Structures are given as structure tokens and as C-alpha cells.
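Asks: Sending over a structure as C-alpha cells; questions will come in a sec.
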Amino acid sequence: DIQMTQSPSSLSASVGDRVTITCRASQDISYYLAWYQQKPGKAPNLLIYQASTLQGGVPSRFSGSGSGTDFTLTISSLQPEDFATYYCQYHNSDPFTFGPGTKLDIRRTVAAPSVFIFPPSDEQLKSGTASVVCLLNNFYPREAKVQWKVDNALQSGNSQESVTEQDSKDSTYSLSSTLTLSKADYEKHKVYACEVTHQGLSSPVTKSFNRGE
Amino acid sequence: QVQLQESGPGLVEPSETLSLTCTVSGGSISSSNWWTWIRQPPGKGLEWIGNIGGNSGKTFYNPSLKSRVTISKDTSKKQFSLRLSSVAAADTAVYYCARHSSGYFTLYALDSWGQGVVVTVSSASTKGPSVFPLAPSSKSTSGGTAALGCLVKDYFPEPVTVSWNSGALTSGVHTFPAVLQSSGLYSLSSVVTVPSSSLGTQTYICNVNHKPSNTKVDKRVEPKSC
Amino acid sequence: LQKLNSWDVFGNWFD
């Protein structure tokens, strides 16, 4: 029936920009094209239907155009809360195909992370496992490298990390890295350290603690 | 106008039947709307599952699912429902109900949506989290700012939600996406930055909610005693 | 298998 493609698959733009993303249908779908915004962890919100009709309650800076196979969504006066995945959809007959989505990120000036480290709690130690947490707060761009060191020995294979979505006002990220050891392994060593490299740092930042202080 | 509330299980074992229900307010099931189900597999886009005409009862289904999908409605109970039989690991997804508005001869779009239900297909058992404090200290302080948090560990399936002080503390809160550990269980952290001068006066409590286990746990987060 | 057309849209206004 209908194949839907979107372009670009991802982009960044600055606050104040006027940004256009595209959708194409593999067959003529007249003007029966809808656009949705999807925030991380939320149901999508309808922005536009019939290719250019603005849904009630949607800000005036969203607009759409096109008919046939090629369509566009334009966001004028781009706002920091406009980061999202945007989806097109054929909305008049089955299988009501959605495009693959376009991920929009907001661009801002480089910001270095604040770095914090958390030793395992005594509570968790009583259970036989030790989680050491390193937190990178309010940085940009998203790319950061976190290396764990235990008594100055580089670790590998025993940590996982997670990154938040962009902040809807200041457009920064935060990142959490967890090093997981057994209680017995954790009690064999003294100095635990998180080492962080990031575009906004002139040299790597090391946050550390001595076990049991 | 129309508001939608979804209900259903967070965890189904393979080969069993998944059932979800959507409860509608602000309108009758018997209406020119097409009541709809949509899903979103992890890391993927949106997929229309099928719909049912509120008045006519005519159903339409996505061809990649039609032999296993049934959509039905009950106007007197203000609900419509999805049945997905013979579920497999690939049916793991967030499932949404939605209202597809209609014109006289053409359709509009999905203008109202339920909140979503995270559905995992797995033979593993449900497990509530252990909540551990991330205590504030000198090594979590920058300027007049202290970071503290909660480690929510070893739970299954997704999701958990975290609030601070029952939702009265939202500024500076970062709740991170969960990671899947090698044990097959999830773990996430939630952190907040607060004035360092408040650690001796203000109480900080993370409220952890894990609905698949019916777990609600409040954890006080305090400086250590060394 | 039947596809959703304008007759189906229109029919869903009745009752």
C-alpha cells in the first residue's frame, strides 16, 4: 500500500530558527497527511492534519504544506521545548502508515559538566553488591567519555551509563555512570575515581574518594 | 472533550494473550469516531494496529498482525479493547489507545491519546526494586549546591516512576533512563541538586512507584554518619 | 481484504 519516508532522520537547530523537515509517500495520498510531536516517554501530540490544518491548541509556529507525495512540516521561531521526534502519518485509509520519525535536538553553546561521585551505601553493601555512581550534570554537547579507575587501574566491562533527554529550558544533558562490584571486590581497594573528558573541559576532570571516609 | 485512560498488564508470558482496555470520557463509544490502537516497539517508530468504528463496529487491522488482533467495544461501559493472542518477544512495546476523528467522507487524525502502557513479553517474573540512597556529601557539592538521589535497582519489568517530596520538588530533578543489567533486571537513578544550606533543615524523600509489582516505596535520603 | 473507504467513513455516522 503506502510507504512513508522522512528526511533528515535527525538534525539540530538553534532557538529562533525556522526549521523544515520533509515526508514523502510512495503513492499519491492527496492532502491526507498528519504530523505528530512525540516527547520522550509520552504519547504523541497531533500538530497538523490534512497536510496544512493546524490542530486547535497547537502553537502558531507549527505549519505544514504539500499535496500528493511530498510534504513538509515547518517550525518557525524554534523554542527550546520543541526538541522531540516528529512523525508524519497517512491518516485517511489503512494501514495509516507512520513515517520512521525525525529526531530534532536543540543546539546551544558548549557547557562543561559538573561532576559528582557517590560511594555505595552501607545498606547496599549489606546485600553483597557495591554500586558506585558518577554523575555529570547539565552539559552540552551530549558526547562525553567516562572512565572508571580503581587504585589507578582502568576499568572495563563493569559499568553502564544512561543519559537524560534535553532540558526543555537550557537544552543541556545529564549523564549517570554506575560501576558495579561485589562487596568483597569493593573492600579490596582504596581509591575510586571517575574520569571525565568533554568538549567543554580543557583537561579531563577526575572526581574520587577513598573507601571509608 | 474526549479523554482516554488505558489499562492492562505490564508483563505477559510468550504464547499467552495480551488484553488492553481504554476507558473513554467526554463522549460516547457509539459515535463517528474510530477507536484505535497503536504500538511503539523499543527503539522504533509508531505502528498502527487497528481500529473499530464507534457506531458501525467495522474493524480494520494491520496486515502484519491481523490474525492475532481483535478490537472490540462496549458502549455501556465506555470502553474499547484490544486482544493480541499468541504474543512473542517481538510484541514487546508501548501500546496506546487513541481517538481517530472523522469527517463525513474522509478521516481526520489521532487527536486524543491514552498515556501508554509498557508491555513486556517474557518468561521472567515480576520483581519490585530495592531503593538505595545516594547521600549528599562534600564530594557531591559544588558551590552552594549539593546533589543527592536514589538508586532504584534490580526490578522487572519496566517502568518505574520517581518523584521527590511527593511532587513538591521538581526543580533540578534528573531521573535517568533505566539500563538493563546482565542479570536481566533493570536499574535507574534519580538525582536532584539542592541548596547545600538546606541539608540540615529540609527533608528529601524519593517516592518510587513500580506498578507491575504494585510497589510504592518512600526512601529518605540523608547525609551519612561516617 | 476490504480497505477503509468513504462508504465506511459515512456508514459510521449512523446509529
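Protein chains in written order, with the authors' numbering: chain L, 1 to 213; chain H, 1 to 35, 35A, 36 to 52, 52A, 53 to 82, 82A to 82C, 83 to 100, 100A to 100E, 101 to 216; chain G, 660 to 674.
C-beta atoms are modelled at their ideal positions from N, C-alpha and C, and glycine is treated no differently.
(1) What's the gap between the Cα of residue 163 of chain H and the Cα of residue 8 of chain L?
(2) Rounded to the nearest angstrom, how far is the Cβ of residue 145 of chain H from that of residue 118 of chain H, given a contact under 8 Å?
(3) Taking the Cβ atom as the reference point for each residue, do residue 97 of chain H and residue 668 of chain G lie within a distance shorter than 7 Å?
(4) How about residue 663 of chain G: is its C-beta nearer than 7 Å to some C-beta of chain L?
(5) Suppose only complete runs of 3+ residues qualify. What are the beta strand (DSSP E) ranges in the segment 37-64 of chain L, listed by chain order?
(6) Can you pull the DSSP bridge partners for residue 35 of chain H?
(7) Quick one, are the C-beta atoms of residue 106 of chain L and residue 171 of chain L less than 7 Å apart?
(8) For residue 101 of chain L, count neighbouring Cβ atoms within 10 angstroms of its own Cβ and tell me buried if that reaches 16, exposed if not.
(9) Please state whether DSSP places residue 669 of chain G in a helix, a strand or coil.
(10) Are the C-beta of residue 93 of chain L and some C-beta of chain G separated by less than 7 Å?
(11) Under DSSP, the beta strand (DSSP E) around residue 73 of chain L begins and ends at which residues?
(12) Look at the alpha carbon of residue 46 of chain L and the alpha carbon of residue 31 of chain L, and state the distance between them as a whole number of angstroms.
(13) Between residue 122 of chain H and chain G, is there a C-beta pair that is closer than 7 Å?
(14) Could you pull the DSSP bridge partners for residue 105 of chain L from this structure?
(15) On the CB-based measure, 16 or more other CB atoms within 10 Å of its CB, does residue 148 of chain H come out buried or exposed?
(16) For residue 101 of chain L, decide whether its Cβ has a neighbour in chain H, counting only Cβ atoms nearer than 7 Å.
(17) Would you mind giving the Cβ-Cβ distance between residue 17 of chain H and residue 82 of chain H, rounded to the nearest angstrom? I have them listed as a contact below 8 Å.
(18) Who are the neighbours of residue 60 of chain H on chain G, taking C-beta pairs under 9 Å?
(19) Please report the residue range of the alpha helix (DSSP H) in which residue 183 of chain L lies.
(20) Can you give me the start and stop residues for the beta strand (DSSP E) that residue 206 of chain H sits inside?
(21) Note down the Cα distance separating residue 175 of chain L from residue 216 of chain H, rounded to an integer number of angstroms.
(22) Could you name the residues of the same chain whose beta carbon sits closer than 8 Å to that of residue 84 of chain H, not counting the 5 residues immediately before and after it, in chain order?
(23) Could you have a look at residue 13 of chain H and say whether DSSP puts it in helix, strand or coil?
(24) To which residues of the same chain is residue 139 of chain H closer than 6 Å at the C-beta, ignoring the five residues directly before and after it?
(25) Among L/204, L/205, L/13 and L/151, which has the Cα closest to the Cα of residue 78 of chain L?
(26) Determine, using beta carbons only, whether residue 43 of chain H comes closer than 7 Å to chain G.
(27) Using a Cβ cut-off of 8 Å, pull out every chain G residue sitting near residue 100A of chain H, in sequence order please.
(28) Hey, would you say residue 1 of chain H sits closer than 7 Å to residue 25 of chain H, going by beta carbons?
Replies: Quick look at the numbers:
(1) Here residue 163 of chain H refers to the residue found at position 173 of the second sequence. Here residue 8 of chain L refers to the residue found at position 8 of the first sequence. Going by the C-alpha atoms only, they are around 32 Å apart.
(2) Along the second sequence, read from residue 1 onward, the residue named residue 145 of chain H stands at position 155. Along the second sequence, read from residue 1 onward, the residue named residue 118 of chain H stands at position 128. At roughly 6 Å, the Cβ-Cβ gap stays under 8 Å, so residue 145 of chain H and residue 118 of chain H are in contact.
(3) Within the second sequence, numbered from 1, the residue matching residue 97 of chain H stands at position 102. Within the third sequence, numbered from 1, the residue matching residue 668 of chain G stands at position 9. Taking 7 Å as the Cβ cut-off, residue 97 of chain H and residue 668 of chain G qualify as a contacting pair.
(4) Here residue 663 of chain G corresponds to residue number 4 of the third sequence, with the count starting at 1. Yes, because at least one Cβ of chain L sits closer than 7 Å to the Cβ of residue 663 of chain G.
(5) Fully contained in the segment 37-64 of chain L are the following beta strand (DSSP E) runs of length 3 or more, in chain order: 45-49.
(6) What you label residue 35 of chain H is simply residue 35 of the second sequence in a count that begins at 1. Partner(s): H/51 and H/94.
(7) By 1-based counting over the first sequence, the position of residue 106 of chain L is 106. By 1-based counting over the first sequence, the position of residue 171 of chain L is 171. Cβ distance < 7 Å, so residue 106 of chain L and residue 171 of chain L count as in contact.
(8) Against the first sequence, residue 101 of chain L aligns to sequence position 101. Residue 101 of chain L is buried by the Cβ-count criterion.
(9) Within the third sequence, numbered from 1, the residue matching residue 669 of chain G stands at position 10. If DSSP states are grouped into helix, strand and coil, residue 669 of chain G belongs with the helices.
(10) Taking the first residue of the first sequence as 1, we reach residue 93 of chain L at position 93. Chain G, which has a Cβ nearer than 7 Å to the Cβ of residue 93 of chain L, makes this yes.
(11) Indexing the first sequence from 1 puts residue 73 of chain L at position 73. First-last of the beta strand (DSSP E) with residue 73 of chain L: 70-75.
(12) The residue you call residue 46 of chain L lines up with position 46 of the first sequence. The residue you call residue 31 of chain L lines up with position 31 of the first sequence. The straight-line gap from Cα to Cα measures roughly 16 Å.
(13) To locate residue 122 of chain H, count along the second sequence from 1; it is residue 132. Output row for residue 122 of chain H: interface = no.
(14) Position 105 of the first sequence, counting from 1, holds the residue named residue 105 of chain L. Its beta-bridge partners are L/12.
(15) Your numbering for residue 148 of chain H matches position 158 in the second sequence. Buried, by the Cβ-count rule.
(16) On the first sequence, residue 101 of chain L is found 101 positions in, with the first residue counted as 1. Output row for residue 101 of chain L: interface = yes.
(17) Residue mapping note: residue 17 of chain H aligns to position 17 of the second sequence, counting from 1. Residue mapping note: residue 82 of chain H aligns to position 84 of the second sequence, counting from 1. Right, the Cβ-Cβ distance comes to about 7 Å (below 8 Å), so this counts as a contact.
(18) As a position in the second sequence, residue 60 of chain H is number 62, starting the count at 1. Neighbours of residue 60 of chain H on chain G: none; closest Cβ ~11 Å, over 9 Å.
(19) Stepping through the first sequence from its first residue, residue 183 of chain L is reached at position 183. Its alpha helix (DSSP H) spans residues 183-186.
(20) Position 216 of the second sequence, counted from the start, is the residue given in the question as residue 206 of chain H. DSSP places residue 206 of chain H inside the beta strand (DSSP E), whose first and last residues are 205-210.
(21) Position 175 of the first sequence holds residue 175 of chain L. Position 226 of the second sequence holds residue 216 of chain H. Cα to Cα, residue 175 of chain L sits roughly 27 Å from residue 216 of chain H.
(22) Position 89 of the second sequence, counting from 1, holds the residue named residue 84 of chain H. Closer than 8 Å at Cβ, skipping near neighbours: 14, 111 and 112.
(23) Stepping through the second sequence from its first residue, residue 13 of chain H is reached at position 13. It is coil, neither helix nor strand.
(24) Translated into positions along the second sequence, residue 139 of chain H becomes position 149. The answer, listed in chain order, is 124, 179, 180 and 181.
(25) For this step, residue 78 of chain L is matched to residue 78 along the first sequence. Per the Cα distances, L/13.
(26) What you label residue 43 of chain H is simply residue 44 of the second sequence in a count that begins at 1. No, because no Cβ of chain G sits closer than 7 Å to the Cβ of residue 43 of chain H.
(27) Counted from its first residue, the second sequence places residue 100A of chain H at position 106. 665 and 668, listed in chain order.
(28) Looking up residue 1 of chain H in the second sequence gives position 1. Looking up residue 25 of chain H in the second sequence gives position 25. The answer is no: Cβ separation not under 7 Å.
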